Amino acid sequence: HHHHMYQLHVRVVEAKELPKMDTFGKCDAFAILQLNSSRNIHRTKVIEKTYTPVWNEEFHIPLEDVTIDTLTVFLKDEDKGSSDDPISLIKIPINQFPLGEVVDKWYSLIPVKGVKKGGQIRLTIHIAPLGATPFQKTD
């Protein structure tokens, strides 16, 4: 290639202020990550029965065009006797992240229709050139 080929490294750290998504429980949250409308989707594990889940899971997503790519983060509640319940989502433009910076930030999610509040999610995001160590700060 005659241009840089960037990688999106994302740590899904934790969430807070989640809504009650179960009549007899609290929330069993997991997060789904999707670049643009890609068929490669990533999902975290489920953290049962808490409004403040901690996942600390890392994902590595090749980028097509840092000037236009978007990362959608979608929170859902796992259920056992019914289908999972959508909670909230945020679409994050990749072009807002300085190349090579490790950015650790909280994000407000937008609740889906019918959900009272969307929560916040903490993501550590690092746009780095191909081969660079994920989450390694610039030197």
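Rigid core here is just the name for the largest C-alpha set that superposes within 1.5 Å across the two forms. Throughout, we count residues from 1 along the sequence that is shown.
- For the pair 90-98 and 76-84, rigid core superposition yields a higher RMS C-alpha distance in 6 other deposited structures of this protein in 76-84.
- According to the PDB record, 93-101 carries the higher mean C-alpha B-factor of the two stretches 22-30 and 93-101.
- If you average the C-alpha B-factors over 37-45 and over 103-111, the higher value belongs to 37-45.
- Among the modelled residues of its chain, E58 has a C-alpha B-factor that falls in the middle third according to the deposited record.
- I121 sits in the lowest third of its chain by CA B factor, as recorded in the PDB entry.
- Per-chain ranking of the deposited C-alpha B factor places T50 in the middle third.
- Sort the chain's modelled residues by C-alpha temperature factor and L71 lands in the middle third, per the entry.
- Sort the chain's modelled residues by C-alpha temperature factor and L130 lands in the highest third, per the entry.
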